[PDB]
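Here, each number is a calculation from the coordinates, and none is a lab measurement. Don't worry about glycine lacking a Cβ; one is built from the backbone with ideal geometry, like all the others, and counts go over all protein chains shown.
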4 protein chains.
Amino acid sequence: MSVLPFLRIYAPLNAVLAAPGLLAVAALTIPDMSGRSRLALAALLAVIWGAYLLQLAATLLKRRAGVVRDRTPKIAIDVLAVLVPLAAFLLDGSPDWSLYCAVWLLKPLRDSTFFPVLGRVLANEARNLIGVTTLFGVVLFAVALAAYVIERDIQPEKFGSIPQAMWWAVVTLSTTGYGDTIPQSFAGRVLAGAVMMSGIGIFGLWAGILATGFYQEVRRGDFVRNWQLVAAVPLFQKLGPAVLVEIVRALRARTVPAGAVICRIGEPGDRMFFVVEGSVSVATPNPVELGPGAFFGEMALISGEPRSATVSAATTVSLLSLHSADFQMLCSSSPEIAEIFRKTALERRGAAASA
Amino acid sequence: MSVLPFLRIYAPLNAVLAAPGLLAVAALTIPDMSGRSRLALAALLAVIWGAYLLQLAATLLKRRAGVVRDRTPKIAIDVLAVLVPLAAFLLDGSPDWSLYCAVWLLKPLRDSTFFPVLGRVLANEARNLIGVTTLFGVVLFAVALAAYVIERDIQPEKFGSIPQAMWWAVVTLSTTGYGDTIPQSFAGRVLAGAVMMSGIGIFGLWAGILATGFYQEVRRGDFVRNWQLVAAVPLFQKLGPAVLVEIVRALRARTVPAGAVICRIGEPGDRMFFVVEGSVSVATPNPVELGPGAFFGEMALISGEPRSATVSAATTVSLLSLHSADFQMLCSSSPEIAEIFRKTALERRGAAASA
Amino acid sequence: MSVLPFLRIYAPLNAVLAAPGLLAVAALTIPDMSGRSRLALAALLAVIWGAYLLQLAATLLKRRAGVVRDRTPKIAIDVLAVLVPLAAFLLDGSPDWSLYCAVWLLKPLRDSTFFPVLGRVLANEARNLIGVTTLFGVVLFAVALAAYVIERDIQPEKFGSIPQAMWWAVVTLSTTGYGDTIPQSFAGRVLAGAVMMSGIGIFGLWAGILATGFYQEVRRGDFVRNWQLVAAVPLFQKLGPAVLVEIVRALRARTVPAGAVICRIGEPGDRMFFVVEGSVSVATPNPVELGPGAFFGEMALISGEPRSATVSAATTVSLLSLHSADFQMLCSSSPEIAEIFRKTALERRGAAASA
Amino acid sequence: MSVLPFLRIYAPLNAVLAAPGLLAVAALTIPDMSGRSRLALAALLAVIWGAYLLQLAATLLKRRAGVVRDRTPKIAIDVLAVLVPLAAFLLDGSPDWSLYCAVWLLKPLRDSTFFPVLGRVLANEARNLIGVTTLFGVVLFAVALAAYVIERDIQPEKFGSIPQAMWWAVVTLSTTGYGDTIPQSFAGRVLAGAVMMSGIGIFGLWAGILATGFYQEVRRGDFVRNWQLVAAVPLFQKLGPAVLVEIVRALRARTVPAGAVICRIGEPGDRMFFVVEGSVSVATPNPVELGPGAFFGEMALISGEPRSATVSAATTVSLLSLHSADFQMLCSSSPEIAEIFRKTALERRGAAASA
Ligand SMILES: [K+]
Ligand SMILES: [K+]
């Protein structure tokens, strides 16, 4: 609620071409299709092939920043990015070579930061998941068997066996309801009366396991990235020890591109920022262009008013961001700091239009 | 659990007529319907047309409070509120002009406060959503393909292609179970064994993303609206800095209309209020009518007893509200304040019936 | 994880007979059933009729504790508990009079404490629910219409109208998948690609609204009931102000019946209790029977050992309960208290077997 | 996100053979199967029979550590682990004796630690579950009846009775959508419009009940196991009282096996450990092999750098683990401790390669 994400979070074209790339597939998958566009896109594969392959060698020029690096992950596909289609072309002479379009799907994952964030936590908590995964299979076969108990008499064709009903368990437990084969008797239908009750109790926990500290990690991800930009601020030599733990959970940093807006004038004032790298366009008669290591919004928050400037991203800025309460908090935290923000709430009244 | 919402939260008639308005639609959508009521409601469209259109120009009299305002949102439909039906009437001579009853649906959203609250946060957290949205599409096509691997042999008619099975993925992953086309073999059925497991793991996070800080924002929404009504209280010059952060998370403010009840006598005492604007009817022999800047309930809470007055909304009041624990908290917070609430717990014993 | 619920939480027989009572229904609902047991249970209705009716008048003797009471809720059915069957017997001469077995279903709700806990909170938070409830209907008809756009050509029989497809929305949005009528075209199937995504995003919030402060209320329910049993403890004149807020969130109180066990000897020590009303059976050579206002377990927790006594519920006791960490917390909170628990950790070593 | 689970959390072979054991079942469940492998696996039952039975008596040698033990749970199946097949062999002469492969399913649960963790909490919170369980059945039959109201006219075959529609309730309420029997009329279809809305509101709470303090218990499970390894650290005589409550929620301990890696050199430094039992391989010219009661990572965290050693599990170690923020926290908590970690951040610079 308090952050300005701009400049193309979905930036790298390496990520991009997988999307139109794999949509090339389906038209090869279909009868009675003209050969015209059929092969038009095999070229587009060759483009994306050639595109990464053009990109490839410069990546294989991995002498840039060659001091200490661990790039087996990022490279792991780039190798396969171009090899698999090639051997696919020859050994798999039939058109199915395209079905090694199973490949590029990792390329988004090549630079899907927020994906390692996933894998980081499974190696702490899957202790639970396994015993649950058992406990799932506990309740599967314990319950799945109870079907074979019954309708083997009059539904051999459907429930003439164990796994045929195990099939009817997970669909039945995992919230689905396909609608293929359902009992005809009383008690065999009774037994379902605890099942959805169960699995919604199960996944109520089991899925709960994921969001559990996933949130913690992302709540943690916003500190690990932001114990940086702390000493960069000229003022933070006085901040007491535990003050910062109270704060940095909320402070998120994002980048803005050049040319963009930061806050428009007259819109309702709701937030204030700390600038630490880049520069701005403080839209005033004398533009008070504050570069790395500044802030703005105190003019709007102490007064509870609209914006006093159409601040715009003159350059690419590294931002923080902050709403009132936690600034009210910090204003509550110390009279030391509100003084200068009292003074600044007068300085930037005259300094905004003046030099 | 601690708040009195009265006076028509769903107030504005602009919001209201969309509901009966669009129910006018269906009777135009049906064969063998008499023309009688068929056109009876085309008038009702003209009413609602004329109604907003009556409302319209006074809104276009936007010279009221014309100092600094940003009303492109609120106006964005009012324009289209009446234009689209008009051109619809002529160019679309056929009855389908009514099918530009797609229009009024924003009119509730015109004044759906709590809807901007939605949009505020997506622009902080969708960083996650996108990489998840990929990760969804990751697991879609990676898995969706695995179907075409198999039953192309004996189900061309159903799984003779890729997207025909991608269809069977999302229904299969997104908890649904339509029941159109399901495999017949072993391993192709095996592969589902991780799928619902997956998607319930996915949306366990992905939907989790929404409630994540949506709660934070609404937990924040109750502070931003309520750092107001703080200095309005005559007593709060002494309250220490961090005291208020501890409190205002819970304190919600809502309005009551004139004529209504506030707390009935004899019902079990569970809460106390702070009055800051309006007036009451303290139901006693001498009504102790306390207007802006007062409170009541300490008589009931320190003693743990029923109500000592049928307090009623003599006027439209701006209320706070509070349960014991957090007043017990504040009574724990300082002996300074419990003194006057000790005294008040004697003053309003004699002052309730006396003058 | 830290509480001993015994003595029949599902106690009152008023609650009980609704269950077998309404199971009497179905056998009246069925052809080709013998009249034998058919009317056997109409008596059982008359029993339960007569049973509450026997109970009834003593309830209508509401002169017990007649000082200040608000019993319109509890009585609201007791009236109808016996009247509705009666007029049902005569005006509805046909067997359908039994279909006013719609009635007793409130009788569990008559004394379903934890049900008012539900209703308490909806009157704080439904502010959200309504705008969501709109937002649901927003996305319903906005999206539902998009079906009528399309398959009216070749599925009049199924999608020849608006609401016929609105039907296919909620089933489609609300996680269900009935399996009646599904499209045949491409784009009309495409549009589903955001739908389950949506509704699982919706109810990810909307259901989230319920557990949101429901938890808060039950987390609150355990304080409101337990600021009691605080001053009852002889030791708690020294406990500082904010100490208790830290604690009482976890401390749950429940009753045990006479004759039952409290903690068995030799089982692993994991918890300690505070006795405040009732008495025990401290299973030792000289039973150290401590009545109201005592505790035990410090012998097991400071040492990290099994139980030193088969404490058993000699009488009906009002208990608290507590695990280590929060006692370790309190042992961390002050050296004042650990002294007496150090001394008690020696006194009850010799006092356990001695007098 | 901060823990190294190694050495076979799914260790005991008692747990293992249940999995292949019960997969032996299905081939006995099927017609037209050769007798060859049919009886090949009846042996495998005899193996697993003989295997536990081999294991059995040594367990019945329960004189190991015979001072105070409560092993009725662990033994409860071991008895039945071998008896049930035996009587099954004779009384059930027909092949169905194998259908007492319902038995081993508890054997994983015999040593499914994290399963008692489940059962611990249901005996605190099911107070809610019951009243909900009623409230479920409240809304079941109240609503289920509403179907019999209607389509008894034209669907006797499907809705000619009460429970036939109660069936259509839970499937309808519990998120499923089987697809057997659905109405044909307007209002009977209308009534569903609140149902999925309801049950997703219900299980939004009811499943919520589970994760509610399940999380608390596992958040508690990580303290109860870890108030240990506290005094084992030589340094923690100075740590203030409430310091530890702030910490131990996150500190998880897990074991590593001998031969394994602990942290590889050059990988990005993100965490630090406290060694309290075992020993390491500090990969340096002079290996600084620190055994019980040590730590490492401060070299990487204060500087924000890669690893300074390929530390590897020379032996089986009992570990803690910790990320920066909470070490930054502790570094914020006191200048007393950062001194020695300042000194250690110089000592292990020269001591790493030297002796
Ligand atoms: K479903
Ligand atoms: K279905």
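Of all the criteria given as (1) within 16 Å of residue B:326 (Cα to Cα); (2) more than 14 Å from chain B (Cβ to nearest Cβ), the one not satisfied by residue C:254 is (1).
Does residue B:261 satisfy being within 14 Å of another protein chain (Cβ to nearest Cβ) and surrounded by fewer than 17 Cβ atoms within 10 Å (Cβ to Cβ)? Taking the combined requirement at face value, the residue satisfies it.
Residues of segment D:72-109 that are under 18 Å from residue D:50 (Cα atoms) and of a type in the set (D, E, K, R): D:78, D:107. Screening residue B:138 on (1) of a type in the set (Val, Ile, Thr); (2) at the interface with chain A (Cβ under 9 Å from one of its Cβ atoms); (3) closer than 30 Å to residue B:217 by Cα; (4) touching a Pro at 6+ places or on another chain (Cβ under 8 Å) shows it passes everything except condition (3). Just a yes or no: is a residue in segment A:96-115 within 10 Å of chain D (Cβ to nearest Cβ) and within 17 Å of residue B:202 (Cβ to Cβ)? Checking segment A:96-115: not a single residue is within 10 Å of chain D (Cβ to nearest Cβ) and within 17 Å of residue B:202 (Cβ to Cβ). Among the residues of segment C:203-250, the one identified as among the acidic types (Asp, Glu) and under 27 Å from residue B:205 (Cα atoms) is C:217.
For residue C:11, the criteria (1) facing chain D (nearest Cβ under 8 Å); (2) within 30 Å of residue D:214 (Cβ to Cβ) hold in every case but one, which is (1).
Of the residues making up segment A:196-216, those that are of a type in the set (A, V, I, L, M) and away from ligand 2 (no atom under 16 Å from the Cβ) are A:197, A:200, A:202, A:205, A:207, A:209, A:210, A:211. Residues in segment C:30-38: is at least one surrounded by 13 or more Cβ atoms within 10 Å (Cβ to Cβ), over 30 Å from residue B:307 (Cβ atoms) and in contact (Cβ under 8 Å) with a residue 40 or more places away in the chain? Within segment C:30-38, none of the residues are surrounded by 13 or more Cβ atoms within 10 Å (Cβ to Cβ), over 30 Å from residue B:307 (Cβ atoms) and in contact (Cβ under 8 Å) with a residue 40 or more places away in the chain.
Applying the criterion of being facing chain B (nearest Cβ under 7 Å) and in contact (Cβ under 8 Å) with a residue 24 or more places away in the chain to the residues of segment A:171-182, the residue that is nearest to ligand 2 (Cβ to nearest atom) is A:175. Across segment B:80-93, the number of residues qualifying as more than 15 Å from residue B:25 (Cβ to Cβ) and either in contact (Cβ under 8 Å) with a residue 60 or more places away in the chain or out of contact with any helix residue (DSSP H, G or I) (no Cβ under 6 Å at 6 or more places or on another chain) (or both) comes to 7.
Here residue B:220 fulfils each of the conditions (1) farther than 22 Å from residue A:212 by Cα; (2) under 33 Å from the mean Cα position of the chain (by Cα) apart from (1).
Here B:211, B:194 are screened, and the one residue that is farther than 23 Å from residue B:115 by Cα, without any contact (Cβ under 8 Å) to a residue 12 or more places away in the chain and aliphatic (A, V, I, L, M) is B:194. Between A:58, A:26, A:11, the distinction of being exposed (fewer than 12 other Cβ atoms within 10 Å of the Cβ) and closer than 28 Å to residue B:143 by Cβ belongs to A:11 only.
Inspect segment A:137-145 for any residue being under 30 Å from residue D:30 (Cα atoms), in contact with a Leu (Cβ under 8 Å, 6 or more places away or on another chain) and in contact (Cβ under 8 Å) with a residue 40 or more places away in the chain and give the result as yes or no. The answer is yes; a qualifying residue exists. Residue C:345 falls short on exactly one of the conditions (1) crowded, with 19+ Cβ neighbours inside 10 Å; (2) in a helix (DSSP H, G or I); (3) in contact with a helix residue (DSSP H, G or I) (Cβ under 6 Å, 6 or more places away or on another chain), and that condition is (1). Residues in segment D:199-228 that are within 28 Å of residue C:336 (Cβ to Cβ) and either within 9 Å of chain A (Cβ to nearest Cβ) or in contact with a strand residue (DSSP E or B) (Cβ under 8 Å, 6 or more places away or on another chain) (or both): D:220, D:224. Restricting attention to segment A:101-156, the residues being β-branched (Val, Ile, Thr) and under 30 Å from the mean Cα position of the chain (by Cα) number 8. Just wondering, is there one or more residues in segment B:44-53 that are β-branched (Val, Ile, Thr), away from chain C (no Cβ under 13 Å) and in contact (Cβ under 8 Å) with a residue 40 or more places away in the chain? The answer is yes, given that some residue of segment B:44-53 is β-branched (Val, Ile, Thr), away from chain C (no Cβ under 13 Å) and in contact (Cβ under 8 Å) with a residue 40 or more places away in the chain. Residues that are in contact (Cβ under 8 Å) with a residue 24 or more places away in the chain and under 17 Å from residue B:337 (Cβ atoms) within segment B:277-299 comprise B:293, B:296, B:297, B:298, B:299, listed in sequence order. All of A:289, A:246 fail the test of being assigned to a loop (DSSP other than H, G, I, E, B) and either surrounded by 20 or more Cβ atoms within 10 Å (Cβ to Cβ) or under 33 Å from the mean Cα position of the chain (by Cα) (or both), apart from A:246. How many residues are over 30 Å from residue C:210 (Cβ atoms) and more than 12 Å from chain C (Cβ to nearest Cβ) when one looks only at segment B:18-40? Going through segment B:18-40 one residue at a time, the tally reaches 7.
Each residue in segment A:1-57 was checked for being more than 26 Å from residue B:144 (Cα to Cα) and among the hydroxyl-bearing types (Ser, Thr, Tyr), and 1 pass. A single member of A:79, A:84, A:121 is over 27 Å from residue D:268 (Cα atoms) and β-branched (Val, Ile, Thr), and it is A:84.
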